[PDB]
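Asks: Experimental coordinates for this protein are included below, preceded by the sequence.
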Amino acid sequence: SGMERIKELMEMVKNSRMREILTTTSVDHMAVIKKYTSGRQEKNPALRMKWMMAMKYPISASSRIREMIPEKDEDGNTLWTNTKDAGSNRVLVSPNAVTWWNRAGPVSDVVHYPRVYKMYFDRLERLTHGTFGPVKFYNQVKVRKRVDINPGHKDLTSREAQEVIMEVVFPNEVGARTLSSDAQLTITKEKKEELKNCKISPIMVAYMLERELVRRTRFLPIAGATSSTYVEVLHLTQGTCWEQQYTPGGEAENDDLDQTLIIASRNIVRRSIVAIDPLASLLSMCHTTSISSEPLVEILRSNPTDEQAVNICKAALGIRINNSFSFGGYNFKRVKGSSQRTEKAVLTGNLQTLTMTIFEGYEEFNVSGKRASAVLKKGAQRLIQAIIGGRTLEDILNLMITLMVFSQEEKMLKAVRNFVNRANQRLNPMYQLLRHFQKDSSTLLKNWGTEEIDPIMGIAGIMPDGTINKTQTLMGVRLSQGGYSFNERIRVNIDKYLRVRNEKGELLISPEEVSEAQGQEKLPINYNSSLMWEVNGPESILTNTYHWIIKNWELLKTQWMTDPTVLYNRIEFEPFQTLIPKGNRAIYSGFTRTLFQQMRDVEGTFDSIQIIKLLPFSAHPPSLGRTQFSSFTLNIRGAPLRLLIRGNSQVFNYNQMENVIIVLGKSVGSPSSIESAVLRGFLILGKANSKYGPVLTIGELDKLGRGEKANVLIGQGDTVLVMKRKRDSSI
Amino acid sequence: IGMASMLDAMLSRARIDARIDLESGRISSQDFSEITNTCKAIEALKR
Amino acid sequence: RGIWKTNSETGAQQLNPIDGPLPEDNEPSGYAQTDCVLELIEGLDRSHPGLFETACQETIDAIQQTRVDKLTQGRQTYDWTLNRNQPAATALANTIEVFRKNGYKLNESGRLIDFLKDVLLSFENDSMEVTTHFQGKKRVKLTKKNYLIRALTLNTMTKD
Amino acid sequence: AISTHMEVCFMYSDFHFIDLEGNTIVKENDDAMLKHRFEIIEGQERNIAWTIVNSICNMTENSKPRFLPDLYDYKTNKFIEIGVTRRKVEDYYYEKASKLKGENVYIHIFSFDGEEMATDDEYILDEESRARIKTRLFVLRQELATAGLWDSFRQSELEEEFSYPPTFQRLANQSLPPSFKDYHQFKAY
Amino acid sequence: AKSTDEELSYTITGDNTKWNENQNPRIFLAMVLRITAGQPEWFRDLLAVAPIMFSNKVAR
RNA sequence: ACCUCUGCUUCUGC
RNA sequence: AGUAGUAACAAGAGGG
Ligand SMILES: CN1CN([C@@H]2O[C@H](COP(=O)(O)OP(=O)(O)OP(=O)(O)O)[C@@H](O)[C@H]2O)c2nc(N)[nH]c(=O)c21
Ligand SMILES: [Mg+2]
């Protein structure tokens, strides 16, 4: 219509003030005058409301209330007055007016409410159809992470959501820029259809659409699954000392499932490699494990994920594999050659040390895709040459960039224009270098170079542009055609130690190639296995192992005294082994068992805390070693923690005052001057003594002799009198 | 966003809205008259 | 223990402890040293190659993009036009209005930086004119000095 | 150039209507029975102009132009670029048919002499109507010529700045560590 | 991680006394000029305004 | 002695 | 008086 609004305007413009304002206030300046006010933000709203709710007319309502409801109700209550609220034409009304309206006012229809407020109603749906398992009690470290908080988002940026909401709610006010993406367009169609004829305030529609469309996150202490449908009920599923097992109603994302499958498979592989029979152990865990009560076996049967650990599990189960990995949404299959993982430091174009892994060796790569394909060659941080094809030039673009990133070349390293987030958590390096060069090739292409390709009337070229050129191109870039048999899944076999070979006997995958990254599952994994602690996670491997030792201490102690080697070999210590760097397991064991023998040998120097502390490190065939250790390294979420041999550390300490052992900050309960189990082949006697010569490091005790007592900087600022023992202890 | 006055912005909106209203069926001619007329009065009263 | 000067524009007595004598006890002291500050900031630049440059480039982009109305965000603000506190938006409105009446209106662009330009240029005015309501309404002409003192004023109150 | 261009535009449309049935018509009353043939886009503030463009495109499901046109015709359902030039109607057309390459806009150049050029040497405006514009242009070039200003007109068709004015400069000079005499010396240091 | 096993480690639970009353506008002017070294002079001067105004402030 | 208004509004920052 | 606690309330403002 537009009938009454223009009449109003006419009316207003009759008035001189209003005409002046309307004629001398630009659209920009309207933003200022819209907020012009004498009213201030209430500094104590709780008090003010308590005060005002005692008053007859504390509520301010549109003046039209006066024609919409009676002045008084059946009971004699005045419902509205003609007093203008300060600064507006709203009037002062009673709360009785709100109730009146709610019993006797104009009934509306609410067909759009579920659709506009879908984000909210969906929460209730997921709960109404959720299932509760039981409550378990235990201590678990809840690590603070950024996590998603709104299920059902469309993964739009704030720009793209704005653009979409403008098209949906206010199409004629869009301006010049209209929607690129097909994701944007298909959302626009749907929403336009769902919300047609909608008479709810477009403010609420836009507000809700914005909340719903944009992925929002938050930093929270979270122990379990990090998916948004789990985050949403964190208050219900997780307490300080408890877990309420629960499954929300509705379907999981395929992305969350895939991600969890990879985490599960890696955990299983990593646990299995440290068992006496890895394949037997992996198969066992494959057959007992579930993700959200789905058997892992079924998932592995029907899930297309190609990943090293996943493929090891598939191999074990007789499932055919595609011996490929994904990178940036494109499937990669190495044709010929191989390379080597190497940890080295890299100065980028930002001017930044960032020391993640490199691939170093000859590797031919066939790369399938959505609408594109290519034949990338790679040496050591080299793009030996990438011939790319596709339906559109566009589809050749995405993959073009992806492949320059993937090369690891110095020309893309020194071409970027940080390595962590704000919480200082390390981020994905060879995926972020892609994200950057995604929305800005500019520098890369004009810092890559060009090439003068021969007439060879077939192999075209792409320039530092996107343009096509005849007998020039980028450094090692081509545009040709070629690329069904890439997707064919092959039958493989797998040996006791998880080596995967094709039917011709060629090595496809080895457990050591499996990424060492300890991720966090988006969905709950239940191993249901005697080989895995009931409580998942590396922190929990630590707390559970020590908790278990302590609670079984009487048995374990007598086993320590009578039958050491059986104790060392117990299966409960194998998960803990996965936290110890592979290269240290044997020497750490050797060191530990020797210290334990010295404790046995030198009577009256028993120490239960020292035994408990070091015991897990005994669980590996020991090697002979000279090396003295002041600490053992554990790797917890990609970061070394050091457990000190002598006394308390941040990782493991005994607190006198509580009389409890605290492990990564969690209590796991509790069970002469001579220390028999700190140095191999020495005793600590007590306080250092100037009347026994100067202070040596540990690594200078080297050349002492039986009976010969020194002063040592033993650790954490202490100096102690040691003595090289007269006899030895053997293992 | 705009340097246009609030009034000039509203006048131009009313005119174009009344036209599309008409040539969509939403509005009759004896409305579309009334609006475009009202607009011209505002236009002159502004003068 | 610093140096006193009289400000040429406001006449204010101004104490400067910087590069003053070094602290001689553990009492709170304001004798910060320019060269020591600069050493620390340089050390930080060294430790974070490219950080200052980037942060600067983001600020330049923001300066270009920022609208006058950004200043509508805020709580109670000293309003030199009233010599009283007001909500931020009202204080902004008042300054804009009094500016334009006194001939400063680069801010008509709608960009924040143009309002900032107006602010500095306002200090050249011989006689900024405002209106009081006598205790009604009345035109008041501020001396250049009066206006500058108000522009540089913090209002104070106690924290509850 | 801005006044000229926009005058042409305004002449192109003023006193031109559509019926109750819907046939192009001219009129001198310009009045609540008929409807304007053209939407005038030129002269509108950019944001409002885009609002008008969008509204029209949404009504017709016409695709939206990359550039802001000068008019839209509710009869032929075309957007319209007007042009005015001292040089060659010949060449200034293909200068703009370039700019608008891929677009779907009727072009219509006018020289100051009189002679003009539309799309497909086909006119959507009447002879009498174009007459007035051609005439007006010449009479302007005449008023330009005998004023001394045609010869001028026929030859046409930044880093951010922020500095301190005097008072603030003096304040800056007095905001330094005590050994410095002025702000520029301090900034150099 | 960065320390050796032989090092002591202590933590000061720390508070600054008279923070507001001892920081100086002139020092922040120096910080802003240094941080913005090499940048366009218009931007540097723009950022320097706040510190300069604070150096010249008065309290009601 | 009456009448009228007011109950965060000369005072709450970042 | 009392509340309070480094300065306030113990009605204020306006009209007549
Ligand atoms: C850059 N890449 C990527 N890539 C393989 O592709 C896999 C997936 O890449 P990614 O994004 O780093 O994922 P991933 O390593 O699984 O991540 P994480 O282990 O942190 O969970 C890598 O683990 C690696 O095996 C490579 N393989 C070879 N041979 N050469 C290369 O240059 C590269
Ligand atoms: Mg303090």
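Replies: Looks like it came in fine. Numbering: from 1, shown residues only, chains lettered A, B, ... in the order given. Ligands and ions are numbered 1, 2, ... in the order given.
Asks: tally of neighbours for residue D:131?
Replies: When neighbours are counted by other CB atoms under 10 Å in any protein chain shown, residue D:131 registers 11. All C-beta spots, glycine's among them, are computed from the backbone N, C-alpha and C.
Asks: Quickly note the distance from it to residue D:123.
Replies: Per CB to CB, to the nearest Å, residue D:131 is found 12 Å from residue D:123.
Asks: Residue C:7 and residue E:28, how far apart?
Replies: For residue C:7, the distance to residue E:28 - CB to CB - is 18 Å.
Asks: for chain A, longest strand please?
Replies: strand A:357-367 (DSSP state E).
Asks: For ligand 1, tell me whether that strand is touching it.
Replies: Yes. Strand A:357-367 reaches ligand 1 (CB under 6 Å from any ligand atom) through A:359, A:363.
Asks: My reading is that residue A:612 lies in a helix. Confirm?
Replies: Yes. Under DSSP: H, G, I helix; E, B strand; the rest coil, residue A:612 sits within a helix.
Asks: Wait, it touches residue A:550, no?
Replies: Yes. If you go by CB atoms under 8 Å, residue A:612 and residue A:550 touch, sitting 6.3 Å apart.
Asks: Quickly list what's touching both of those two.
Replies: Residues touching both residue A:612 and residue A:550 (CB atoms under 8 Å, 6 or more residues apart in numbering or on different chains): A:661, A:671.
Asks: Between those two, which has more neighbouring residues?
Replies: Neighbour count, other CB under 10 Å: between residue A:612 and residue A:550, residue A:612 has more, with 23 against 18.
Asks: What sits closest to the more buried one if chain neighbours are left out?
Replies: residue A:549 (5.2 Å; CB to CB, 6 or more residues apart in numbering or on different chains).
Asks: Who are the contact partners of residue C:4?
Replies: Counted by CB under 8 Å, 6+ apart, residue C:4 has contacts C:13-16.
Asks: which residue is nearest the centroid of the chain?
Replies: Using chain A. Nearest to the geometric centre of chain A sits residue A:520, at 5.8 Å (CA atoms, centre = their mean).
Asks: nope, chain E
Replies: Centre-nearest of chain E using CA atoms, centre = their mean is residue E:28, 5.6 Å out.
Asks: for the strand or helix carrying that residue, packing partners?
Replies: Per DSSP states H and E, residue E:28 falls inside helix E:25-35. Packing contacts for helix E:25-35, counted by 3 or more CB pairs under 8 Å, 6 or more residues apart in numbering or on different chains; DSSP states H and E, involve helix C:34-47, helix C:51-65, helix D:183-188, helix E:41-55.
Asks: and with 7 Å instead?
Replies: The contact analysis (3 or more CB pairs under 7 Å, 6 or more residues apart in numbering or on different chains; DSSP states H and E) places helix E:25-35 against helix C:34-47, helix E:41-55.
Asks: So which residues make contact with that helix?
Replies: Residues from elsewhere that reach helix E:25-35, judged by CB atoms under 7 Å, 6 or more residues apart in numbering or on different chains: C:16, C:18, C:32, C:34, C:37-38, C:41, C:52, D:175-177, D:187, E:44, E:47-48, E:51-52, E:54-55.
Asks: I'd guessed the residue nearest to the centre of chain A sits against residue A:227; true?
Replies: No. Residue A:520 is beyond contact range of residue A:227, at 10.2 Å (criterion: CB atoms under 7 Å).
Asks: Neighbours of the closest residue to chain C within chain E, how many?
Replies: In chain E, the residue that lies nearest chain C is residue E:18 (3.8 Å; CB to the nearest CB). Using other CB under 10 Å, residue E:18 has 11 neighbouring residues.
Asks: Confirm that residue A:246 sits in a strand.
Replies: Yes. Assessed with three-state DSSP, residue A:246 lies in a strand.
Asks: What sits closest to residue A:198 if chain neighbours are left out?
Replies: Of all residues not flanking residue A:198 in the chain, residue A:112 sits nearest, at 4.5 Å (CB to CB, 6+ apart).
Asks: residues near the one you found, how many?
Replies: Neighbours of residue A:112 (other CB under 10 Å): 16.
Asks: do residue A:256 as well
Replies: Other residues close to residue A:256 by other CB under 10 Å number 22.
Asks: Compute the inter-axis angle for the helix or strand that the longest strand of chain A is followed by and strand A:357-367.
Replies: Next along the chain after strand A:357-367, taking DSSP H and E as the criterion, comes strand A:372-380. Interaxial angle, strand A:372-380 versus strand A:357-367 (axes from the mean of the first three to the mean of the last three CA atoms, to 10 degrees): 150 degrees.
Asks: With that, I have no additional questions.
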